[PDB]
$ cat coords-v1.cif   # mmCIF, C-alpha atoms
data_coords
#
loop_
_atom_site.label_atom_id
_atom_site.label_comp_id
_atom_site.auth_asym_id
_atom_site.auth_seq_id
_atom_site.Cartn_x
_atom_site.Cartn_y
_atom_site.Cartn_z
CA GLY A 1 0.00 0.00 0.00
CA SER A 2 0.94 3.64 -0.39
CA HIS A 3 2.09 4.02 3.22
CA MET A 4 4.57 1.15 2.99
CA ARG A 5 5.83 2.55 -0.31
CA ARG A 6 6.26 6.05 1.09
CA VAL A 7 8.50 4.84 3.93
CA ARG A 8 10.57 2.62 1.63
CA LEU A 9 11.01 5.40 -0.91
CA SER A 10 12.12 7.79 1.83
CA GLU A 11 14.64 5.30 3.21
CA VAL A 12 16.16 4.40 -0.17
CA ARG A 13 16.87 8.11 -0.56
CA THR A 14 19.19 7.68 2.44
CA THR A 15 20.82 4.64 0.84
CA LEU A 16 21.45 6.51 -2.41
CA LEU A 17 22.85 9.48 -0.49
CA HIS A 18 25.19 7.25 1.50
CA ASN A 19 26.55 5.72 -1.70
CA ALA A 20 26.97 9.19 -3.22
CA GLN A 21 29.07 10.37 -0.29
CA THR A 22 31.22 7.24 -0.56
CA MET A 23 31.85 8.02 -4.22
CA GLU A 24 32.64 11.68 -3.44
CA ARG A 25 35.31 10.55 -0.99
CA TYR A 26 36.61 8.12 -3.61
CA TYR A 27 36.81 10.87 -6.24
CA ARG A 28 39.06 13.00 -4.02
CA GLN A 29 41.35 10.06 -3.35
CA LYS A 30 41.61 8.95 -6.99
CA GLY A 31 40.58 11.84 -9.26
CA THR A 32 38.20 9.64 -11.27
CA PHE A 33 35.12 7.43 -11.00
CA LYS A 34 36.22 5.13 -13.84
CA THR A 35 38.19 2.87 -11.50
CA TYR A 36 35.33 2.48 -8.99
CA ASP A 37 34.28 -1.12 -8.38
CA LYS A 38 30.52 -1.07 -8.97
CA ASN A 39 30.14 -3.96 -6.51
CA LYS A 40 31.02 -1.76 -3.53
CA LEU A 41 27.57 -0.13 -3.49
CA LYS A 42 25.51 -0.35 -0.32
CA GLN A 43 22.20 -2.07 -1.08
CA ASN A 44 18.69 -1.50 0.31
CA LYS A 45 16.23 -4.17 1.41
CA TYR A 46 13.47 -2.87 -0.87
CA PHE A 47 15.57 -1.58 -3.81
CA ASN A 48 18.54 -2.85 -5.77
CA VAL A 49 21.14 -0.08 -6.14
CA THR A 50 23.32 0.13 -9.25
CA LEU A 51 25.48 2.61 -11.14
CA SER A 52 23.35 3.42 -14.18
CA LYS A 53 25.94 5.90 -15.52
CA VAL A 54 29.60 6.38 -14.60
CA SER A 55 32.08 8.79 -16.20
CA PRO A 56 35.44 10.19 -15.03
CA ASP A 57 33.85 13.14 -13.20
CA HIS A 58 30.16 12.20 -12.86
CA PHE A 59 27.88 9.31 -11.95
CA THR A 60 24.21 8.42 -11.71
CA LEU A 61 23.07 6.00 -9.02
CA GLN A 62 19.81 4.13 -9.58
CA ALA A 63 17.47 2.24 -7.24
CA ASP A 64 15.13 -0.31 -8.79
CA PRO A 65 12.40 -1.84 -6.59
CA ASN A 66 12.97 -5.35 -5.27
CA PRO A 67 10.13 -7.42 -6.77
CA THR A 68 10.16 -9.86 -3.84
CA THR A 69 10.36 -7.55 -0.79
CA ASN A 70 8.73 -4.53 -2.47
CA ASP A 71 6.20 -6.18 -4.81
CA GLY A 72 3.94 -3.59 -6.42
CA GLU A 73 6.45 -0.74 -6.37
CA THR A 74 7.39 0.51 -9.86
CA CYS A 75 9.15 3.77 -8.97
CA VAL A 76 12.80 3.95 -9.97
CA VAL A 77 14.86 6.48 -8.02
CA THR A 78 18.04 8.13 -9.26
CA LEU A 79 20.64 10.41 -7.75
CA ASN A 80 23.52 11.98 -9.65
CA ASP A 81 26.79 13.43 -8.38
CA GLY A 82 25.22 16.88 -8.64
CA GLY A 83 22.83 15.97 -5.85
CA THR A 84 19.66 15.85 -7.97
CA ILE A 85 17.22 13.19 -6.74
CA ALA A 86 14.43 12.03 -9.04
CA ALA A 87 11.77 9.33 -9.09
CA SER A 88 9.31 8.07 -11.66
CA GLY A 89 7.04 5.03 -11.81
CA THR A 90 5.03 3.13 -14.41
CA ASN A 91 1.53 4.67 -14.45
CA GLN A 92 2.01 5.06 -10.71
CA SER A 93 2.84 8.08 -8.55
CA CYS A 94 5.90 8.02 -6.30
CA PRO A 95 4.83 9.06 -2.78
CA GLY A 96 7.23 11.61 -1.35
CA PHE A 97 8.29 12.77 -4.83
CA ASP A 98 5.13 13.46 -6.83
#
$ encode --input "coords-v1.cif" --output "structure tokens"
Amino acid sequence: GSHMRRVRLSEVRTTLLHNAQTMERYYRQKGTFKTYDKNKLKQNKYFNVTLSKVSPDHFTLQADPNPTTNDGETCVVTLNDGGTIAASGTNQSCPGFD
């Protein structure tokens, strides 16, 4: 239901943010995101977290809903290195975003 979804969407925002800080620290140590091992991302119980885009100086993190633990969620959440968070679903609003 919408309540469950609203909590899970709010908490995966924290997960994405935590990964983004980790990558910001990594960028200052290395000067690039190209060498980052995409299997060092912190996951979320209700969303699988991946690097949808990675370039030397920028990245986009993406959270896709877990179809087992978060069945019925279609909203995909992104966060880029610029700090812009965004969410969109499939003919479904994203509580806490729209």
$ closest_residue --input "coords-v1.cif" --among "A:12, A:54, A:20, A:75" --to "residue 33 in chain A" --atoms "only C-alpha atoms"
A:54
$ closest_residue --input "coords-v1.cif" --among "A:5, A:81, A:46, A:87" --to "residue 68 in chain A" --atoms "all atoms listed in the file"
A:46
$ residues_near_point --input "coords-v1.cif" --point "(32.8, -2.1, -7.7)" --cutoff "12 Å" --atoms "only C-alpha atoms" --output "PyMOL selection string"
chain A and resi 19+22-23+26+33-42+49-51+54
$ atom_distance --input "coords-v1.cif" --atom1 "CA of residue 10 in chain A" --atom2 "CA of residue 96 in chain A"
7.0 Å
$ residues_around --input "coords-v1.cif" --residues "residue 62 in chain A" --least-positions-apart "3" --cutoff "10 Å" --atoms "only C-alpha atoms" --output "PyMOL selection string"
chain A and resi 16+47-53+59+65+76-80+85-87
$ atom_distance --input "coords-v1.cif" --atom1 "CA of residue 94 in chain A" --atom2 "CA of residue 69 in chain A"
17.1 Å
$ atom_distance --input "coords-v1.cif" --atom1 "CA of residue 57 in chain A" --atom2 "CA of residue 27 in chain A"
7.9 Å
$ closest_residue --input "coords-v1.cif" --among "A:60, A:74, A:2, A:45" --to "residue 89 in chain A" --atoms "only C-alpha atoms"
A:74
$ closest_residue --input "coords-v1.cif" --among "A:95, A:90, A:61, A:84" --to "residue 3 in chain A" --atoms "all atoms listed in the file"
A:95
$ closest_residue --input "coords-v1.cif" --among "A:32, A:21, A:43, A:88" --to "residue 66 in chain A" --atoms "only C-alpha atoms"
A:43
